[PDB]
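Peer 1: Please read through the structure below; I'll follow up with questions.
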Amino acid sequence: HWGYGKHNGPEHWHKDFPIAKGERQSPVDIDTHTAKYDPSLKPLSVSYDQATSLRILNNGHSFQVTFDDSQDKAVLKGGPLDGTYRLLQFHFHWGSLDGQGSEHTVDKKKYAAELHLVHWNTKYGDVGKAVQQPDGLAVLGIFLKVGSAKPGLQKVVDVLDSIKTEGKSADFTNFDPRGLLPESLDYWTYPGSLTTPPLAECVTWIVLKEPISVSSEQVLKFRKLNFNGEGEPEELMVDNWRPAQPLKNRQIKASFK
Ligand SMILES: NS(=O)(=O)c1ccc(O)c(NC(=O)NCCCCO)c1
Ligand SMILES: [Zn+2]
């Protein structure tokens, strides 16, 4: 089964998921001087006021917080998107050291971590159908740099000791994802894929220009999670990121000059 190690990591994934060598794979390097400002791009509309978080889970490749997506409670609209996209979950990718961990890069710069807020297009009825469509998902990506603490992250950080190993989950109600957003919603956008298997080419990526700052203590708690299940030899959950993939016949657009 796939992972991030020497023998099952990103360079091997194409054997079980041949789309890994496809025409619209993610992540990519964002060359800021080559991205084109698109004045027809609308501001992002993030409506998270009624979000209902449910659970937090260690799935063996990251940890994720899941939301009730059975109604339009937390939705993303506008920007490059047509229609309404419901928030399903968020998760992170991070490194073993502060100089790596993000999936997207900016002028080849890697951030310490990357937050992905995953949304699906309500016209397709459920996320399983949406993943089969070229415009099925919208992922909002937010970079994390290490500096001052992010208060809105602390409730996540403080529960991680209860989901140390693969398969563990915990109740995680009343979490407000608005506390994870930077001040500015300026963004880059391009058509891409899931960054983990099945690597489906169904994602409109929206990557925010402004990172959030988290403290060294906060990211250190991410690095104490385990890839392995309970009772197995311990392998710290670090460096769970896919490297940048070829841009091929794609242009990255910017919402800002
Ligand atoms: N990192 S991402 O591009 O935001 C992303 C967003 C939503 C997703 O569903 C996945 N992929 C996933 O969760 N795979 C789980 C194992 C099942 C494969 O058989 C990746
Ligand atoms: Zn992700």
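Note on naming: chains are A, B, ... as they come in the structure tokens, residues start from 1 per chain, ligands start from 1 in the order shown.
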Please build the interface table for chain A against ligand 2 with a cut-off of 7 Å, listing for each qualifying residue the nearest atom pair and the distance in Å to one decimal; count only C-alpha atoms and all ligand atoms, order rows by chain and increasing number, and write it as a tab-separated table.
Peer 2:
residue	atom	partner	partner_atom_place_in_ligand_line	distance
A:91	CA	ligand 2	1 (Zn)	6.2
A:92	CA	ligand 2	1 (Zn)	6.1
A:93	CA	ligand 2	1 (Zn)	6.3
A:116	CA	ligand 2	1 (Zn)	5.0
A:195	CA	ligand 2	1 (Zn)	6.0
Peer 1: Using C-alpha atoms, can you export the residues from the last selection as a PDB file, in the first residue's frame?
Peer 2:
ATOM      1  CA  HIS A  91      -6.099  18.173   6.648  1.00  0.00           C
ATOM      2  CA  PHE A  92      -2.418  19.138   6.573  1.00  0.00           C
ATOM      3  CA  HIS A  93       0.870  18.139   4.972  1.00  0.00           C
ATOM      4  CA  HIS A 116      -5.991  21.831   2.495  1.00  0.00           C
ATOM      5  CA  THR A 195      -2.128  15.049  -4.279  1.00  0.00           C
TER       6      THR A 195
END
Peer 1: Would you give me, as an NGL selection string, the residues in range 101-217 of chain A that DSSP reads as strand (DSSP E)?
Peer 2: :A and (105-106 or 113-121 or 137-146 or 169-171 or 187-192 or 203-208 or 212-214)
Peer 1: In terms of the shortest atom-to-atom distance over only C-alpha atoms, which of A:108, A:12, A:178, A:221 is closest to residue 238 in chain A?
Peer 2: A:221
Peer 1: Have a look at A:135, A:68, A:31, A:49 and name the one nearest to residue 177 in chain A; count only C-alpha atoms.
Peer 2: A:49
Peer 1: Let me see if you get this right: every residue at most 6 Å from ligand 1, counting only C-alpha atoms and all ligand atoms, written as a ChimeraX atom specification.
Peer 2: /A:116,118,139,194-198
Peer 1: Please dump the current selection as an mmCIF file, in the first residue's frame; keep N, CA and C atoms.
Peer 2:
data_model
loop_
_atom_site.group_PDB
_atom_site.id
_atom_site.type_symbol
_atom_site.label_atom_id
_atom_site.label_comp_id
_atom_site.auth_asym_id
_atom_site.auth_seq_id
_atom_site.Cartn_x
_atom_site.Cartn_y
_atom_site.Cartn_z
ATOM 1 N N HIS A 116 -5.070 22.044 3.605
ATOM 2 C CA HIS A 116 -5.991 21.831 2.495
ATOM 3 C C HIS A 116 -7.407 21.753 3.044
ATOM 4 N N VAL A 118 -11.012 21.006 1.791
ATOM 5 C CA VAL A 118 -11.518 20.235 0.659
ATOM 6 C C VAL A 118 -13.021 20.450 0.521
ATOM 7 N N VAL A 139 -10.097 22.757 -3.780
ATOM 8 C CA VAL A 139 -9.273 22.691 -2.584
ATOM 9 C C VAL A 139 -8.643 24.054 -2.378
ATOM 10 N N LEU A 194 -6.016 15.554 -7.055
ATOM 11 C CA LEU A 194 -5.667 15.154 -5.695
ATOM 12 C C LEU A 194 -4.161 14.916 -5.605
ATOM 13 N N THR A 195 -3.567 15.246 -4.457
ATOM 14 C CA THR A 195 -2.128 15.049 -4.279
ATOM 15 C C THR A 195 -1.791 13.734 -3.601
ATOM 16 N N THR A 196 -2.794 12.943 -3.243
ATOM 17 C CA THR A 196 -2.600 11.580 -2.776
ATOM 18 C C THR A 196 -3.427 10.655 -3.651
ATOM 19 N N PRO A 197 -3.061 9.375 -3.735
ATOM 20 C CA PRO A 197 -3.911 8.400 -4.419
ATOM 21 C C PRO A 197 -5.354 8.553 -3.975
ATOM 22 N N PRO A 198 -6.315 8.487 -4.910
ATOM 23 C CA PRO A 198 -6.152 8.051 -6.306
ATOM 24 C C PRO A 198 -5.645 9.085 -7.321
#
Peer 1: Would you please work out which residue, of A:114, A:107, A:235, A:158, is nearest to residue 208 in chain A when using only C-alpha atoms?
Peer 2: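 Counting only C-alpha atoms, the residue closest to residue 208 in chain A is A:114.
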Peer 1: Hey, what's within 7 Å of residue 84 in chain A if we count only C-alpha atoms and toss same-chain stuff fewer than 3 positions away? As a ChimeraX atom specification, please?
Peer 2: /A:75-77,121-122
Peer 1: If I take CA of residue 61 in chain A and CA of residue 30 in chain A, how far is one from the other in Å, to one decimal?
Peer 2: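 Taking CA of residue 61 in chain A and CA of residue 30 in chain A, their separation equals 24.4 Å.
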Peer 1: Distance CA of residue 246 in chain A-CA of residue 185 in chain A, one decimal place?
Peer 2: 25.9 Å
Peer 1: Could you check the closest approach to residue 101 in chain A for each of A:37, A:48, A:143, A:227 and tell me which residue wins, using only C-alpha atoms?
Peer 2: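 Distance minimum relative to residue 101 in chain A lands on A:143.
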Peer 1: Near residue 218 in chain A, counting only C-alpha atoms, which residues have an atom at most 12 Å away, once you skip same-chain residues fewer than 5 positions from it, shown as a PyMOL selection string?
Peer 2: chain A and resi 94+98+112-113+144-160+213+223-224
